[PDB]
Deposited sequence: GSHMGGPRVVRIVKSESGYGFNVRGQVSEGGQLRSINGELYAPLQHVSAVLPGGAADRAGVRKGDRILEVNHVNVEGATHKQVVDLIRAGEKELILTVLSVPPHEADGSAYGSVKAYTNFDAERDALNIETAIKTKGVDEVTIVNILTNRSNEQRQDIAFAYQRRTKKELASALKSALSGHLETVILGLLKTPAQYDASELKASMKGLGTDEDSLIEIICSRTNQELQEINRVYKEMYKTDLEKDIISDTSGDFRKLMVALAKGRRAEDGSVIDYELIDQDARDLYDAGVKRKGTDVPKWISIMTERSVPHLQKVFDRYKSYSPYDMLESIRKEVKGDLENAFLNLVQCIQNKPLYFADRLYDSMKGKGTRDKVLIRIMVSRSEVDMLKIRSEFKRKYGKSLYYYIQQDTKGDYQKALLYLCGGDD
């Protein structure tokens, strides 16, 4: 049935972004993805019980709409939801969130003599990504300046990279990182492989759509322009995000045949049948490939990762090693990349920042668990020893705590 809960939609000049329908309580029939209502927690099927603290039981459809459209400011709704996931992310939605309050406090920190970077970090790294979008809209509405552009001018160094990354939606951030990894002579293959190998179907579908809107070209077309050989074939196949979905039935016969084919195409023979590896590892569901990799050990003297190191080299080897890691244990995969970015001289800040930003609301808690288990000390500890200043503090907030 759903308990009466309060959602707070920020003032939006383009509309709150949800459809009111009814016949008695009016219900929400559809929600614009990424719109103001979507970010505040309004979901499909919500029955509207109060609009800005007035009970609308028995009101007409026009009256509920007119009450919603009246103030032209924020929209506080009391909704009854069909009782319905970011449960392992470090950054949670801030309770008692007020975008206007945060926007004004952020502008105060920007206008503070010398720029109050501390307050900017304390706010933005302790709000969810959707809450940051609400702040950005309220900021522009009161300053007539875009928040990202204002923060670009106020901040610098690695802290600027972090803050600007947090302000983008997940699909916008991934799309811009992909573009940055391909733009310019050559390519950051490691950045391209990390994103393409680790993102799921749903994520890649939104990345492809957002990439096309941001840059007016297909992501697949830019991957082709900047890659070649079997590496291109693998990246193009993964980037389509059309992997088979996790099924209810375990296909034990296919698991065995897939494991034989991987062996026959690689260790068993001289050379490698690279397209056979690509077909199996990009088309089968992740739970399927997990069991394929264990069954593969029944035929091969080396496991899947070791077989890759012996068969292929270069970018293709890197891509296969990253992909198999993501299929086997993705939190452990990111934990190892985090360790690699800090273990030696200096810091691979680009990698550290991108992981802390993109995984903060996905599986950072599992990343921290795999990290502490494998390396003995916390991810928090390594960030402290490798980074300094407000830049360090923002990364520590994205981490979420010690251990």
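Exercise for review: May I ask you to mark the stretches of the deposited sequence that the structure leaves without C-alpha coordinates?
Suggested key: Residues missing from the model, as numbered along the full deposited sequence, span 1-3, 27-42, 104-107.
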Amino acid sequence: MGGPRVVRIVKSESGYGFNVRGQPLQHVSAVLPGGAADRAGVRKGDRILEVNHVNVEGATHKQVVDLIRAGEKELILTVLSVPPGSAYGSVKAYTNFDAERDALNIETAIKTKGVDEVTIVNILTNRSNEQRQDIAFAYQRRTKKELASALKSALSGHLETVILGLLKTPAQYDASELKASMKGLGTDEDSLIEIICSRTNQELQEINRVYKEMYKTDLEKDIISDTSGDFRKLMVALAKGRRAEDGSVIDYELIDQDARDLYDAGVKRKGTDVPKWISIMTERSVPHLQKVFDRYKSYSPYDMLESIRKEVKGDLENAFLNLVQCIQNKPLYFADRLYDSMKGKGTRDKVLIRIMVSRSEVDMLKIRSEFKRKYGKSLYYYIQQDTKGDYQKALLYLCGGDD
From here on, numbers count along this sequence of modelled residues.
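Practice item. Going by the average Cα B-factor in the PDB entry, point out whether 125-133 or 72-80 comes out higher. Key: Higher of the two, by average CA B-factor, is 72-80.
Point to revise | 267-275 or 323-331, whichever carries the higher mean Cα B-factor | key: Higher mean C-alpha B-factor: 267-275.
Review point. Going by the entry, which of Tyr94, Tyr211, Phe231, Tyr252 has the most elevated CA B factor?
Key: Checking the PDB record, the top C-alpha B-factor among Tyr94, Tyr211, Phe231, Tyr252 is at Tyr94.
Review point. When the CA B-factors of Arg354, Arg368, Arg348, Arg47 are compared as recorded in the entry, which is the largest?
Key: That would be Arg47.
Point to revise | Third of the chain, ranked by Cα B-factor, where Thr169 sits | key: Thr169: CA B-factor falls in the lowest third of its chain.
Exercise for review: Comparing against every modelled residue in the chain, figure out the third that the C-alpha B-factor of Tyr88 lands in (lowest, middle or highest).
Suggested key: It falls in the top third of the chain.
**Study point:** B-factor third for the C-alpha atom of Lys183 within its chain
**Key:** Ranked within chain, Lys183 CA B lands in the highest tercile.
Review point. Which third, lowest, middle or highest, does the CA B-factor of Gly376 fall in along this chain?
Key: Within its chain, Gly376 is a middle-third residue by C-alpha B-factor, going by the deposited values.
Practice item. Would you check the entry's CA temperature factor for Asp246 and let me know if it's in the chain's lowest, middle or highest third? Key: For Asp246, the deposited C-alpha B-factor lands in the highest third.
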